[PDB]
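Trainee: Residue 12 is where the sequence shown starts when you use the authors' numbering, and the numbers rise one by one after that.
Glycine residues also receive a C-beta, built at the ideal position from the N, C-alpha and C atoms.
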Amino acid sequence: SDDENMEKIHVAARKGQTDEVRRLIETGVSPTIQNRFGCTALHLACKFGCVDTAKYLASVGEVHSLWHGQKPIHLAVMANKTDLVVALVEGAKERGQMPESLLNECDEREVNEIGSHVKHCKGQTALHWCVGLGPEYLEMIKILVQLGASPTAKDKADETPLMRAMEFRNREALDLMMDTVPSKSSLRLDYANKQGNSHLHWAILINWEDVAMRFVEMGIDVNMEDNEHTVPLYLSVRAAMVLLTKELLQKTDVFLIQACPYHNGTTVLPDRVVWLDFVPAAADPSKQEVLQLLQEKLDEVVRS
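Here it is, written out as structure tokens:
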């Protein structure tokens, strides 16, 4: 009856029979009609290629169901055929939904290993996946980001794709995202993870000093405090990292320098410093230097 019709439309979707799908829909089979697993024609079009069928179905119906936790965009991305993703987007454009809204959807798929890495995640945008799936998916990352996929989209653990590329220390992905990104004022660098870490808080922890500077020159707020009241300046000092520190003293609000816990109101005390692990435990001129700079700035501020 109803189920005898959804059978026809799913078959046609699978076979790239746009003719035959249009025909079913003109005669009043609802486009988004599901099978017991929440699969719909569009899911199937995206799994199987079917650029033109996908383009069409995307224009007629927003899919509101998940198949093995996924929405038709997510399946298009893992298929790694780029024309189908543009199709999907232009289908949805005709219909009134914008690419940002569409491309930044989150799946509801629990995981314990993301391609080659070992991460637990309960929900993810497709830009996060790409970032985990190695360089076979670099070409997609480019296209997704040109289309309007946000390098600061939030997964269900409040992490962004940039944060994700940092964690998996995947540089090619991170540069591509920041260099491909049309705006550069479309990034939400005010987003912080479950422990209040910014992107700048990462990077320092990761020991990516030069990427950290690009964040600063993108006017990221340098006064964002994590859950433990920690401000990037403190991490910069602690990471050694001399050039970043000269710049964080410059830009950091004065109240936060006065309340810094590596001095006693007047002298810098190097024993109060818990250097990060990639920093040598022995002697180092950068260890000397950053604390000498912090002394200079403390003396300047204390005078007012």
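Short check: CB of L173 to CB of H212, under 8 angstroms?
Mentor: Numbered from its first residue, the sequence shown carries residue 173 at position 162. Numbered from its first residue, the sequence shown carries residue 212 at position 201. In this structure, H212 does not lie closer than 8 angstroms to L173 by Cβ.
Trainee: Where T136 and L309 are concerned, what is the direct C-alpha to C-alpha distance, given to the nearest angstrom?
Mentor: Stepping through the sequence shown from its first residue, residue 136 is reached at position 125. Stepping through the sequence shown from its first residue, residue 309 is reached at position 298. Roughly 44 angstroms between the two C-alpha positions.
Trainee: Out of curiosity, what's the CA-to-CA distance linking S41 and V32?
Mentor: The residue labelled residue 41 in the question sits at position 30 within the sequence shown. The residue labelled residue 32 in the question sits at position 21 within the sequence shown. For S41 and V32, the distance between alpha carbons rounds to 11 angstroms.
Trainee: Decide if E170 is buried, meaning its Cβ has at least 16 other Cβ atoms within 10 Å, or exposed.
Mentor: As a first step, residue 170 must be located in the sequence shown, where it is residue number 159. Flag for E170 reads buried.
Trainee: Does the Cβ of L254 have 16 or more other Cβ atoms within 10 Å, making it buried, or fewer, making it exposed?
Mentor: Taking the first residue of the sequence shown as 1, we reach residue 254 at position 243. Result: exposed.
Trainee: Which two residues bound the contiguous alpha helix (DSSP H) that contains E147?
Mentor: For the purposes of this step, residue 147 is taken as the residue at position 136 of the sequence shown. Neither: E147 is in no alpha helix (DSSP H) and is coded neither H nor E.
Trainee: Just mark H85 as buried or exposed, buried being the case when its beta carbon has 16 or more other beta carbons within 10 Å.
Mentor: To locate residue 85, count along the sequence shown from 1; it is residue 74. The residue in question, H85, is buried, as its Cβ has 16 or more Cβ neighbours within 10 Å.
Trainee: Hey, out of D186, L200, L77, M89, whose CA is closest to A164's CA?
Mentor: To locate residue 164, count along the sequence shown from 1; it is residue 153. The option with the nearest alpha carbon to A164 is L200.
Trainee: Using a Cβ-Cβ cutoff of less than 7 angstroms, which residues in the same chain neighbour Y148 once the five nearest sequence positions on both sides are dropped?
Mentor: As a working mapping, residue 148 is identified with position 137 in the sequence shown. Taken in chain order, the residues that qualify are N91, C141.
Trainee: Between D166 and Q206, how many whole angstroms is the CB-CB distance? I'm expecting something under 8 angstroms.
Mentor: Locating residue 166 in the sequence shown gives position 155, where the first residue counts as 1. Locating residue 206 in the sequence shown gives position 195, where the first residue counts as 1. 15 angstroms between Cβ atoms; not a contact.
Trainee: Anyone know if the C-beta pair for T241 and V248 falls short of 8 angstroms?
Mentor: By 1-based counting over the sequence shown, the position of residue 241 is 230. By 1-based counting over the sequence shown, the position of residue 248 is 237. Going by C-beta atoms, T241 is not nearer than 8 angstroms to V248.
Trainee: Classify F266: buried if its beta carbon has 16 or more other beta carbons within 10 angstroms, exposed otherwise.
Mentor: Stepping through the sequence shown from its first residue, residue 266 is reached at position 255. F266 should be labelled exposed.
Trainee: Counting only runs that start and end within the region 153-194, where is the alpha helix (DSSP H) found for 4 or more residues in a row?
Mentor: As far as the region 153-194 is concerned, its whole alpha helix (DSSP H) runs of at least 4 residues are 172-178, 182-191.
Trainee: Rounded to whole angstroms, how far is the Cβ of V74 from the Cβ of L53, which I believe are closer than 8 angstroms?
Mentor: Sequence index remark: in the sequence shown, residue 74 carries index 63 (1-based). Sequence index remark: in the sequence shown, residue 53 carries index 42 (1-based). That belief holds up - the Cβ atoms of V74 and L53 are roughly 5 angstroms apart, short of 8 angstroms.
Trainee: Which first and last residues belong to the beta strand (DSSP E) in which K66 is found?
Mentor: For the purposes of this step, residue 66 is taken as residue 55 along the sequence shown, with counting starting at 1. It is not in any beta strand (DSSP E) - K66 instead sits in the alpha helix (DSSP H) that spans 62-71.
Trainee: Flag this pair as yes or no: are the beta carbons of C132 and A168 separated by less than 8 angstroms?
Mentor: By one-based count along the sequence shown, residue 132 stands at place 121. By one-based count along the sequence shown, residue 168 stands at place 157. Cβ atoms of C132 and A168: closer than 8 angstroms.
Trainee: Answer with buried or exposed for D282, where buried requires no fewer than 16 other C-beta atoms within 10 angstroms of its C-beta.
Mentor: By 1-based counting over the sequence shown, the position of residue 282 is 271. By the neighbour-count rule (16 or more Cβ atoms within 10 Å), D282 is not buried but exposed.
Trainee: Look at the alpha carbon of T51 and the alpha carbon of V192, and state the distance between them as a whole number of angstroms.
Mentor: In the sequence shown, counting from the first residue as 1, residue 51 sits at position 40. In the sequence shown, counting from the first residue as 1, residue 192 sits at position 181. Near 32 angstroms, if we compare the C-alpha coordinates of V192 and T51.
Trainee: Can you tell me whether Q81 is buried or exposed, with buried defined as 16 or more other CB within 10 angstroms of its CB?
Mentor: Taking the sequence shown and counting its residues from 1, the one referred to as residue 81 is at position 70. It counts as buried.
Trainee: Compute the distance between the beta-carbons of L144 and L155, then report whether it is under 8 angstroms.
Mentor: For the purposes of this step, residue 144 is identified with residue 133 of the sequence shown, where counting begins at 1. For the purposes of this step, residue 155 is identified with residue 144 of the sequence shown, where counting begins at 1. Going by C-beta atoms, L144 is not nearer than 8 angstroms to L155.
Trainee: By the 10 Å Cβ neighbour count, where 16 or more other Cβ atoms means buried, how is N123 classified, buried or exposed?
Mentor: Position 112 of the sequence shown, counting from 1, holds the residue named residue 123. Answer is exposed; the Cβ neighbour count stays below 16.
Trainee: As an exercise, report each continuous alpha helix (DSSP H) stretch of at least 4 residues that is fully enclosed by the region 265-313, in chain order.
Mentor: Complete alpha helix (DSSP H) runs here, min 4: 265-269, 296-313.
Trainee: Please report the straight-line C-alpha distance between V233 and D264, rounded to a whole angstrom.
Mentor: Translated into positions along the sequence shown, residue 233 becomes position 222. Translated into positions along the sequence shown, residue 264 becomes position 253. Looking at the two C-alpha atoms, the distance is approximately 8 angstroms.
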